[PDB]
Amino acid sequence: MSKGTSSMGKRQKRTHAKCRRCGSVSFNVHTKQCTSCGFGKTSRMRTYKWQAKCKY
Amino acid sequence: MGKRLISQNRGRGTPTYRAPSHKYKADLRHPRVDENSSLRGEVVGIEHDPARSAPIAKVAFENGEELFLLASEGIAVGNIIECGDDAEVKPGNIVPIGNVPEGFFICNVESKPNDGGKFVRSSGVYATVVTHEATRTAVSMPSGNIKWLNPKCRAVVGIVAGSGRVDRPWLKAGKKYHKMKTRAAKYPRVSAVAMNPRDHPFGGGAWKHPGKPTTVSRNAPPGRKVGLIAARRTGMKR
Amino acid sequence: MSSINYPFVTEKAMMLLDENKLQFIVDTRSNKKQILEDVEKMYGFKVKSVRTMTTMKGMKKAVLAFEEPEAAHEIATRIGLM
Amino acid sequence: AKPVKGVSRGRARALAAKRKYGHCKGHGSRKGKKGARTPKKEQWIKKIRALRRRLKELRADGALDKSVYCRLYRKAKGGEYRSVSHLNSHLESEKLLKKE
Amino acid sequence: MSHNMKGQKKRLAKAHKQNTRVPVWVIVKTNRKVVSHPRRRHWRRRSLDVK
Amino acid sequence: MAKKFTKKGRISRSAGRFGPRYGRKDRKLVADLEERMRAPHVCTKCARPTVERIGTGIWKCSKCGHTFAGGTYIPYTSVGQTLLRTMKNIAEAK
RNA sequence: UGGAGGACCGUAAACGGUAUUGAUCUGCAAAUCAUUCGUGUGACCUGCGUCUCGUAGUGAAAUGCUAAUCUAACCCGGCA
RNA sequence: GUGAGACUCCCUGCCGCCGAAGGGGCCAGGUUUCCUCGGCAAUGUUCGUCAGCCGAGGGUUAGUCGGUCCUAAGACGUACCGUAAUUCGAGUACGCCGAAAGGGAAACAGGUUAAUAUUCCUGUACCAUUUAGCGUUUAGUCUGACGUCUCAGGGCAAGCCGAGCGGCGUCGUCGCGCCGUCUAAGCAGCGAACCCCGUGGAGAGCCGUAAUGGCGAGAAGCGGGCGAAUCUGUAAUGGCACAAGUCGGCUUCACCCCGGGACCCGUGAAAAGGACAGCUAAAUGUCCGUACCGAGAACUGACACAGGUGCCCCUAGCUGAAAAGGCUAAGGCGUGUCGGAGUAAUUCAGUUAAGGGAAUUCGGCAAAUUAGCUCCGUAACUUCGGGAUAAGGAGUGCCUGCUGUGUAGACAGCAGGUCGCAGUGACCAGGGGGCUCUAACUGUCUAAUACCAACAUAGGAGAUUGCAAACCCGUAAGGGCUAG
Ligand SMILES: [Mg+2]
Ligand SMILES: [Mg+2]
Ligand SMILES: [Mg+2]
Ligand SMILES: [Mg+2]
Ligand SMILES: [Mg+2]
Ligand SMILES: [Mg+2]
Ligand SMILES: [Mg+2]
Ligand SMILES: [Mg+2]
Ligand SMILES: [Mg+2]
Ligand SMILES: [Mg+2]
Ligand SMILES: [Mg+2]
Ligand SMILES: [Mg+2]
Ligand SMILES: [Zn+2]
Ligand SMILES: [Zn+2]
């Protein structure tokens, strides 16, 4: 259908479930990883230095 | 970077260019036989193979294990096969090419001994034994070339079944469409001169022409060997 | 751990008591065997079966059916539901 | 509960009686293609079944031998009789029955 | 009908229990300084992401 | 004998199911191949005409029960015939 | 008699989107409505599941599509 | 009637809407919207005593319904190896997950609540695992387990007709019209086709089918065996105004069983489970879901949104080829949530129009004409298939009495009379022909200004490569094409 409100009626599925380790709704049900804390990918918790300004 | 070509996409192995393996019945190979052994077996049924569009035979051997085999023409349910070194020459048996007489037709020939067979396998093809020197034997391949094979190579005697498959024209896009669903090939294929200059070396322009010569050298980098790859000649015969 | 918290005393639970049945609020992390053994030890009445329900408030209701007639009446008498 | 009011059917019933007699069915009331009103395969099936049952009973009682029975069977398969009375007419004309 | 497991139903029960008007005695004790909480919603609005 | 081969209805044959499509050449080729395929082939054990096509290159005898692999559109091919002739003559010369 | 075909007609079943350059154009709607139309046993339409992604993917090829964004997406950082 | 207050809330009567969807069942999704009582500041395109709104309370019960169990595409984990290195990377071995529409051990009727019911209660059943007793394998096969089209046979829910019995309506005249006349699983019995066996002796030919066909490599015929849906009895006493509760007939899809044929350069899943050795008795059958909506007000698009998801699966009488269009049942509604008054121009969408008939306009744009079925008749050209519904003509209602085919349902045809301006009388329902350009055709395309001559296609030709190949992906380990 149209790219606007006509194709937004098929919006009945879900792509992210709820994570066990952090409780945030960011668990990818296809790749089986949490996109916020990294659960499923690793035993460590996801942190990147680009999640904040260079502190200078 | 103008987009990669179809050949490189096949290289990556994306799901659009991967063969649907689960449809195929079974892999075709010669029975494994130890040194100085000769096992027999009688055909149990004749069956259709979707990976080649030709029949295959199911054979139950004396040890117990059954194997699908490349079916040569004339194979019938009930006949026994005598694969081994001591087999006689008959239509159906598997024998070394060293002790096959000149003029006999063979098929499912191997490259090196105990490969299972790699040459002469499509429908209705066949090869011939020409000469028997002490160390090699020359067989004329279905392409038209002479190949020098080891005398201790195995090949079934006869010609591959299903002869004449390409005497029936498609005359539709639908029938050829249906064949392509059980193969890795993509159908249908766009022509290069109708693409954009990102997509292909030949694309672009206000009218559809190649622009540059179609013959390409053998040393061209990947992503450029499109057209007549290292042709020796062009055109029909005048 | 204790699996029975307290009898449930709404209007529907009262009518179950007519044909010799009760309705307890049990610990939500428990099954039918544990409920059976706890009630049997606590009142000495041989339970017959047990039906369980999870409610939208969070708790977990259980309906006990006894074998000996008039047992539910006197259990409710001593417990103080009456 | 108030009674349900159905749909009366007396008028259609009388009309159906008239049609069953053979009226109210003229060319001006057909609106579907011939074949939609009577498929041809059903016509052939009923015709051939009637013809075969009649020939079989003529063979069974005894007034028709094997040779003429075979000939008439294949002939009716070929489509030279259009009805049972037509077949009886040819049988009683060409004398192929063994009535005495 | 959205067949749920035990945990999903548990979280749904909690989110149900959070839709409550603040008790009247709380408003009396705090002298009309607490009159609402940020957990109030309505079922036909923004969907909750409990599940 | 067969369907009405009128003053016209005689050239297309089995290719008349394609209507006015695909051109004269392809239709003629398919038609001729179909009359070759529909032929009353002969058995090798029975020596009675009973062979029909079961699948792509599979053939069977209706009375005899014999199953074998052959051509895709015709039971016996010329190259197989030549192989039989040559090998049999070699054997019979012994 | 028989019942083939990328055959025919045709539903406001389904899918599509010709013309009115109609209605609306701070709309019912950030692309809809009415009439008129095209396919409708097949290279058909479709539910759920699963896979392929950023100098990469997919494309019966228009520079089309990749979450109202595409001649190189989006979030944050280099960056005041 | 209620209420301080009534176009808007409630009851009765009349008049209406959808009636192959606006009704019924339910997935995903929602998450208490479900029921009762008490309210009307806000929400509701007006008001409101009403409410999917606000406050308080209440409501979901399973050995048999699902999940759970098996595996498909395909994921993930540990090890091995690579990488400067990892949370990164292909393959191999061993595991493990993946379907609430695939496979699958077992339950039906009635009652009860304000809101739950194959779950609770009454009655009648059935299936597994363990323990004890009494015996035993054939253990290797069968089943689960399979495409598209087309057709015969049998059965049945729905539907229709006649007679009797009980109610309701109409009643200016007549005596018709409608509703009801019910009954589950389980258990016991029977078996149509295909197939197997014992006889049989058929050709200058016989036996059959809707059709293909069968036959001394053994037909017809005569016997026996394995073998379905459904049907008959019981369960038969439950429900019904404890009011009747008895019988016959026709048809039957869109549902079930069984068998045949055709087609493929398409061949149309796997595994758990079940069958073959079981019989009797007691005990056990844990866990999770169960309310309500499922959409012109309970989902998604910021909304009580004319879109989309769901037209996903089902549906009565008449007309009719029909699930089309029209008119009515059952069911749901008067909420596709502003009213009163009736009088200008103009505007959106329709009905009709003398005489002329494209003279309008870039252009017959727009609108009109024709339209169903039967019969007669049908051109240039042509790849011999077509063109073709060519073009062009005639008939059609109602009443009376009949004939033919058929087991029947029904279908086809005739003779006479007769009315109207008009007989497919409304609904529905092609305007046709000729000469050129272009692409062979069916198909695809700029979601939201471009449905085309553009793309694709079958057909023709050329080139590389004998497999440790040609072509390509990766830093590597290794891979795609390739079960070739
Ligand atoms: Mg977009
Ligand atoms: Mg820093
Ligand atoms: Mg370039
Ligand atoms: Mg059409
Ligand atoms: Mg920036
Ligand atoms: Mg109506
Ligand atoms: Mg208001
Ligand atoms: Mg339960
Ligand atoms: Mg599982
Ligand atoms: Mg007004
Ligand atoms: Mg075209
Ligand atoms: Mg082109
Ligand atoms: Zn997480
Ligand atoms: Zn034979």
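Residues numbered from 1 in each chain as written, not as in the entry; some residues may be left out. Chains lettered and ligands numbered in written order. Part of a larger assembly, values for the part shown. Heavy atoms only, no water.

Judging from the entry metadata, cryo-EM is the method by which this structure was determined, and 2.85 Å is the reported resolution.

## Looking at the protein's contact with RNA strand G
Here is the rule: Here a residue is near a molecule or strand as soon as one of its heavy atoms is found within 4 Å of it. A 3.5 Å cut-off defines polar contacts: any pair of N or O atoms within that distance qualifies, except that in protein one atom must be a possible hydrogen donor and the other a possible acceptor, and neighbouring residues in sequence count only when both atoms are side-chain atoms. Each helix is a run of H or I in the DSSP string that is no shorter than four residues. Each strand is a run of E no shorter than two, and both are numbered from the N terminus.
Taken together, 43 residues surround RNA strand G, and among them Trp50(A), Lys53(A), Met1(B), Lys40(D) and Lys41(D) come closest. Side-chain polar atom of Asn9(B) to a phosphate oxygen of RNA strand G: 3.2 Å apart, as the coordinates give it. Between RNA strand G and the protein, one listed contact pairs a phosphate oxygen with a side-chain N or O atom of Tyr22(F) at 3.1 Å. Residue assignment for the surface near RNA strand G shows that the elements contributing at least two residues are α1 (6–12) and α2 (173–180) of chain B together with α2 (40–61) of chain D. Per-element accounting of the surface near RNA strand G gives the leading share, four residues, to α2(B).

## Here's the deal with the pattern of salt bridges
Pairs may arise between side chains of opposite charge once their charged atoms sit close together. The condition is simple: Here, a salt bridge means any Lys or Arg side-chain nitrogen found within 4 Å of an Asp or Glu carboxyl oxygen. Only protein chains enter the calculation, and the probe is 1.4 Å; a residue is then buried if its accessible area is under 20% of its type maximum, exposed if over 50%, and partly exposed in between.
All chains considered together, the criterion is met by 12 salt bridges over all chains. The salt bridge partner of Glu40(C) is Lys46(C), with a shortest N-O separation of 3.5 Å. Here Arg54(D) makes a salt bridge to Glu57(D), at a shortest N to O gap of 2.7 Å. One end of the pair is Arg54(D) and the other is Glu57(D), both in helix α2 and three residues apart, which spans about a single turn. Look at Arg54(D) and you get partly exposed, because its relative accessible area is 28%. On the basis of relative accessibility, which here comes to 33%, the residue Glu57(D) falls in the partly exposed class. In this structure, a network of salt bridges that share partners links the residues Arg13(F), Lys28(F), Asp32(F) and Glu35(F).

## A few points about the arrangement of the chains
Note the cut-off: Note on contacts: a residue pair is in contact if any heavy atoms of the two residues lie within 4.5 Å.
Looking at the three pairs of chains with contacts, the pair that accumulates the most is chains B and F. The two units chain D and chain F remain apart, with a minimum C-alpha distance of 11 Å.

## Here's the deal with a nonpolar patch on the surface
For clarity, the cut-off: In this analysis, a patch consists of residues with relative accessible area above 30% that form no salt bridge, clustered at 9 Å for like charges and at 5 Å for the nonpolar side chains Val, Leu, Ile, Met, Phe, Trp and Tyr. Surface accessibility in these figures is a Shrake-Rupley result with a 1.4 Å probe; residues are shielded only by whichever protein chains are displayed.
Taken together, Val130(B), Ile146(B) and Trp148(B) make up a surface patch of nonpolar side chains, about 290 Å² in accessible area. Looking at the secondary structure, you find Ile146(B) in strand β9 (residues 146–149).

## Observations concerning the interface of chain C and chain E
Rules: By buried area we mean the combined loss of accessible area, with a 1.4 Å probe, across both parts when two parts are placed together. Under the scheme applied, nonpolar residues are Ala, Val, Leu, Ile, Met, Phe, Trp, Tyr, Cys and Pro; charged residues are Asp, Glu, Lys and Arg; polar residues are all the others, including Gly.
Facing the five residues of chain C at the interface are seven residues of chain E. With both sides pooled, the region where chain C packs onto chain E buries about 520 Å², and carbon together with sulfur makes up 59% of that total. Along the contact surface separating chain C from chain E lie zero salt bridges. Of the residues belonging to the side of chain C that touches chain E, the class tally is one nonpolar, three polar and one charged.

## Focus: the packing of aromatic side chains
Residue and element names in this part refer to chain B. Selection criterion: Two rings from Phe, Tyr or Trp (for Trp, the six-membered ring) form a pair when their centres are within 6.5 Å of each other. A pair whose planes differ by under 30 degrees is stacked, one over 60 is edge-to-face, and the rest are tilted.
One pass over the structure, following the stated rule, counts six aromatic pairs over all chains. When the centroid spacing of 4.3 Å and the interplanar angle of 50 degrees are considered together, the rings of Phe105 and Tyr126 count as tilted. Of this pair, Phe105 sits in strand β6 (residues 105–107) while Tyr126 is found in the loop between β6 and β7 (127–132), placing the two residues 21 residues apart along the sequence. Judged by relative accessible area, which is 30%, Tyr126 ranks as partly exposed.

## Considering the nonpolar core
Put simply, the rule is: Only buried residues count toward a nonpolar core. Its members are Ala, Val, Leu, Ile, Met, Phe, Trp, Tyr and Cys residues joined through side-chain atoms within 4.5 Å.
Counting residues in each nonpolar core, the largest one holds 26 residues, and the members touching the most others are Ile97(B), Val100(B), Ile106(B), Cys107(B) and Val139(B). Every element with two or more residues in this core is listed here: β3 (66–70), β5 (94–96), β6, β7 and β10 (154–157) of chain B. Counting residues per element, this core draws most heavily on β10(B), which supplies three residues. Not counting residues up to four positions away in its chain, the partners in contact with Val139(B) are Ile106(B), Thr128(B), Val129(B), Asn145(B), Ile146(B), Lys147(B) and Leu149(B). In terms of nonpolar packing, the next biggest core, distinct from the first, is built from 18 residues, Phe24(C), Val47(C), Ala62(C) and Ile75(C) among them.

## Looking at the UniProt feature "binding site: Zn(2+)" in chain A
Residue and element names in this part refer to chain A. Worth spelling out the cut-off: UniProt positions are given in the numbering used here, feature names are shortened, and annotations may be inferred rather than shown by experiment.
Sequence positions flagged by UniProt for "binding site: Zn(2+)" are, in local numbering, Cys19, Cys22, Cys34 and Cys37. Spanning 19 residues, the annotated positions come together in the fold, the maximum distance between their C-alpha atoms being 9.0 Å. By relative accessible area, which is 34% here, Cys22 ends up partly exposed. Every residue in contact with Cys22, bar those within four places of it in the chain, is listed here: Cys34 and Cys37. Tracing the chain through its elements places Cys34 in strand β3 (residues 33–34). Judged by its relative accessible area of 4%, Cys34 falls in the buried class. Here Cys34 is in contact with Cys19, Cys22, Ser26, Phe27 and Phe39, once residues within four sequence places are set aside.

## Section: the UniProt feature "zinc finger region: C4-type" in chain A
The residues that UniProt annotates with the feature "zinc finger region: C4-type" are residues 19–37 of chain A. As annotated, residues 19–37 of chain A comprises 0% helix and 21% strand, and the C-alpha atoms at either end are separated by 9 Å.

## Focus: the packing of α2(D) against helix α3 (residues 66–78) of chain D
Residues and elements named next belong to chain D. Where we set the bar: Axes, fitted as lines to C-alpha atoms, cover a helix only where it is in contact. Angles between the N-to-C directions of the axes lie from 0 to 180 degrees. For classification purposes, angles smaller than 35 degrees are called roughly parallel, those larger than 145 roughly antiparallel, those between 65 and 115 roughly perpendicular, and all remaining angles oblique.
With their axes 10 Å apart at the nearest point, α2 and α3 run at an angle of 175 degrees to one another. Classed by the angle they form, the pair α2 and α3 counts as roughly antiparallel. Contacts from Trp44, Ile48, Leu51, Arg52, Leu55, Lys56 and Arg59 of α2 reach α3 at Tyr69, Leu72, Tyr73, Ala76 and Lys77. Each residue belonging to the contact of α2 with α3 can be placed in one class, and the counts come to eight nonpolar, no polar and four charged.

## Remarks on a positive patch on the surface
Cut-off, in case you're wondering: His is not counted, nor are the chain ends; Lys and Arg add positive charge and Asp and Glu add negative charge. To locate a charge, take NZ of a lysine, CZ of an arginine, CG of an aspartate or CD of a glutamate.
Together, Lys57(C), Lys6(E), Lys10(E), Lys14(E) and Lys17(E) make up a positively charged patch on the protein surface. A residue is classified by how much of its surface remains accessible, and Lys17(E), at 41% relative accessible area, is partly exposed.

## Some details on the environment of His41(F)
All names here are of chain F. Note that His41 resides in the loop between α1 (23–37) and β1 (51–55). Taking the C-alpha atoms as reference points, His41 and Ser62, 21 residues apart in sequence, are found 11 Å from one another. Those residues in contact with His41 that sit more than four places away from it in its chain are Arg36, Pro49, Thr50, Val51, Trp59, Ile74 and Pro75.

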